[PDB]
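Chain by chain, the residues run as shown.
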Amino acid sequence: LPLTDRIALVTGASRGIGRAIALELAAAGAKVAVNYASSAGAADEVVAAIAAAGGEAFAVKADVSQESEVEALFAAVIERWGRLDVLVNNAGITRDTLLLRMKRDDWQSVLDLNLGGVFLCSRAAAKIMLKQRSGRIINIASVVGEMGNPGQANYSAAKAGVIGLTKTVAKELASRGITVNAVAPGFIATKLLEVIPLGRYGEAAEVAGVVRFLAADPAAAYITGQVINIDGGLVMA
Amino acid sequence: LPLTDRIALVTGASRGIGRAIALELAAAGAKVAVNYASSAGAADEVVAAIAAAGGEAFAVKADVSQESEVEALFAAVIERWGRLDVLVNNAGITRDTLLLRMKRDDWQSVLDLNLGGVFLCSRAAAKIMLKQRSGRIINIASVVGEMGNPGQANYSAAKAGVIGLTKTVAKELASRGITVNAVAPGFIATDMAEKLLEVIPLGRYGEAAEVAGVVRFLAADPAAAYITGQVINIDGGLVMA
């Protein structure tokens, strides 16, 4: 099992894509740190569900958009297991209006969390992964940051940000064999469809499968700086 | 001239690329609001050089990371000249450092100005453009937003964002005929080492005026009316798609 006894942190792992991810990284050997923002009800389910199947999870509060909260989050994973093999930046939110209507606070919260959060955790993971001379970072961008989407000037900008950030971090960290990639979901199931060539939404478990490949698979030791679309052909490429 | 009687606003126009875009737009016939953050001297020099070549400009100080300051900037142009035909989002800063040691505040300032600025100005220009049923918006991004670059996590993130924003704002404003594009400069002589040249196929830095010209084409050429949501690299071949 490729991720024994590798350690993984997944931000915003309380539900949907984050869930399936924590759920997959577990099933491949890893000890999963299951970050949340709000209520632990959701998270403790994941933690409870990983141990059921016979892995090792554990829950942590942290509003990933705040310097000290991510410090707290990275001290805890260190306190418990003294190492971090994989980080999945995934926590994000939406606040969708047309550019004309978008309030400044609604721009900032989405940028601070969706992009700023990936800055904070990436900076933290860097420190740890360089000292180890090893690690893998996987950012959940979105197809929208590649193509633009009406009513999502904030979300699109932040995710496109995630893509560019990913590429710089890949370059700074590559010399110690650390790979930094992004995974760009299309429209996940967790009126269109005429325009998804595969003709359906995607499963959470599908986006997790990809993140698993990048995290665990020896072939992916040589993939860095890349964005991979799991979008049923929505955006080529 | 193609922009005779039309109005442009270039944010971050007092030096290098901003200035060159200023001169180029007035050369195409535009009246140009030269926005700057700090020194009135740099900005007066741009204004006076536009005046010397027989064009029209005025200097306006505004820190375009601040919502209320872009309100004054936009009302100022509207007050002086009553319309906005062209917006160039150029304002920007660098605070370069590895992610290992990048300070929170160095990340935020660079994001707020470089990315936030264009959200704020595009928002304001949208209101004006949408009621004219016309206008062009050009965002100055940077090849670094497409390829990433050591020491510029902040900068590449911000300029990649600009590119994502561009395409969304294009999609949103398209039905009124307003175009929204990006110009991604490579390594330019002016701005705003050594073995970087052997990586640029054309073997020189770009000139500020060279970026200025691509911008003029998108702002002023009738052919560019059918280009929207696009990023145009001007980098002597440094990045090929």
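Residues numbered from 1 in each chain as written, not as in the entry; some residues may be left out. Chains lettered and ligands numbered in written order. Heavy atoms only, no water.

Give me the lowdown on the UniProt feature "active site" (unreviewed entry) in chain B, citing residues and values where you can.
All names here are of chain B. When the UniProt feature table is mapped to this numbering, "active site" (unreviewed entry) covers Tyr155. Tracing the backbone through its elements, the reader meets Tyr155 in helix α6 (residues 153-173). What makes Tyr155 buried here is its relative accessible area of 15%. Residue contacts for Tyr155: discarding those within four places in its chain leaves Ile93, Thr94, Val110, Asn114 and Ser142. (UniProt positions renumbered as here; feature names shortened; annotations may be inferred. Helix = DSSP H or I, 4+ residues; strand = E, 2+ residues; numbered from the N terminus. Buried < 20%, exposed > 50% of the residue type's maximum accessible area, 1.4 Å probe, protein only. Contact = heavy atoms within 4.5 Å.)

Could you give me a rundown of the environment of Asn90(A), with the residues and numbers involved?
Residue and element names in this part refer to chain A. For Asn90, the location among the structural elements is in the loop between β4 (86-89) and α4 (104-131). For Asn90, a relative accessible area of 13% gives the class buried. Along the backbone, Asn90 and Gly29 are 61 residues apart, and their C-alpha atoms lie at a distance of 20 Å. Every residue in contact with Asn90, bar those within four places of it in the chain, is listed here: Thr11, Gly12, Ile17, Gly18 and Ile140.

Kindly report on the interface of chain B and chain A, identifying the contributing residues and their values.
Accessible area lost upon the coming together of the parts serves often as the stated size of an interface. Counting from both sides, the interface comprises 40 residues of chain B and, opposite them, 40 residues of chain A. Across the chain B to chain A interface the summed buried area is about 3100 Å²; carbon plus sulfur atoms make up 66%. Linking chain B with chain A are zero salt bridges, by the criterion used here. Applying the counting rule to chain B against chain A returns 18 residue pairs in polar contact. Among the secondary structure elements, those contributing two or more residues to the side of chain B that touches chain A are α4 (104-132), α5 (144-147) and α6 of chain B. If you tally residues by element for the side of chain B that touches chain A, the top one is α4(B), at 13 residues. When grouped by side-chain class, the residues that make up the side of chain B that touches chain A number 17 nonpolar, 13 polar and 10 charged. (Buried area = accessible area lost by both parts, 1.4 Å probe. Salt bridge = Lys/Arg side-chain N within 4 Å of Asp/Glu carboxyl O. Polar contact = N/O pair within 3.5 Å; in protein donor to acceptor, adjacent residues only side chain to side chain. Nonpolar A, V, L, I, M, F, W, Y, C, P; charged D, E, K, R; others polar.)

Which residues make up the UniProt feature "domain: Ketoreductase" (unreviewed entry) in chain A, and what values go with them?
Summarizing the sequence annotation, UniProt attributes the feature "domain: Ketoreductase" (unreviewed entry) to residues 6-186 of chain A in the numbering used throughout. As a span, residues 6-186 of chain A carries 52% helix and 18% strand, and end to end its C-alpha atoms are 29 Å apart.

Describe the UniProt feature "active site" (unreviewed entry) in chain A, with residues and values.
All names here are of chain A. Under the UniProt annotation, the feature "active site" (unreviewed entry) is placed at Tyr155. In this fold, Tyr155 is placed in helix α6 (residues 153-173). Classification of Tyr155 by relative accessible area gives buried; the value is 16%. Dropping the residues within four chain positions of it, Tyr155 is found in contact with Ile93, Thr94, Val110, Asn114, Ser142 and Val144.

I'd like a description of the pattern of salt bridges, backed by residues and values.
A full pass over the atoms with the stated rule returns 15 salt bridges over all chains. Between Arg6(A) and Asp85(A) there is a salt bridge whose closest N-O contact spans 3.0 Å. Of the two residues, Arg6(A) sits in the segment before β1 (7-10) while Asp85(A) sits in the loop between α3 (67-81) and β4, which places them 79 residues apart along the sequence. For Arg6(A), a relative accessible area of 39% corresponds to the partly exposed category. Classification of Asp85(A) by relative accessible area gives buried; the value is 6%. Salt-bridge contacts for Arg216(B) lead to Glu24(B); the nearest nitrogen and oxygen are separated by 2.8 Å. By relative accessible area, which is 30% here, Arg216(B) ends up partly exposed. Overlapping salt bridges bring together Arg6(A), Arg83(A) and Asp85(A) as one network.

Explain empty space enclosed by the protein to me, and be specific about the residues and the numbers.
Here the largest cavity defines a volume of roughly 90 Å³. Along the walls of the largest cavity sit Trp107(A), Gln108(A), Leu111(A), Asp112(A), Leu115(A), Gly116(A), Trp107(B), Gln108(B), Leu111(B), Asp112(B), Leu115(B) and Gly116(B), which together make up its complete lining. Mapped onto the lining of the largest cavity, the elements with two or more residues apiece are α4 of chain A together with α4 of chain B. Taken together, the residues of the lining of the largest cavity sort by class into six nonpolar, four polar and two charged. (1 Å grid on protein atoms, 1.4 Å probe; cavity = no way out; pocket = protein on both sides within 12 Å on 5 of 7 lines; lining within 4 Å. Points joined across faces, edges and corners; volume = space filled by probe spheres on them.)

Can you explain helix α3 (residues 67-81) of chain B? Please cite residues and give values.
Residues and elements named next belong to chain B. An ideal rise of 1.5 Å per residue puts 21 Å on 15 residues; α3 measures up with 22 Å between its terminal C-alpha atoms. When α3 is considered as a whole, its buried residues turn out to be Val70, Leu73, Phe74 and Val77. Down the axis of α3, the smallest arc covering the buried residues is 90°, so these residues share one side. Turned more than 90 degrees from where α3 packs its buried face, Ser68 and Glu79 sit exposed. In the core, the buried residues of α3 are packed alongside β1 (7-10), β2 (31-36), β3 (56-61), β4 (86-89) and α4. Taken from the residues just after α3, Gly82 is the one with a positive phi, measuring 75°. (Expected span 1.5 Å × (residues − 1). Arc of directions from axis to C-beta.)

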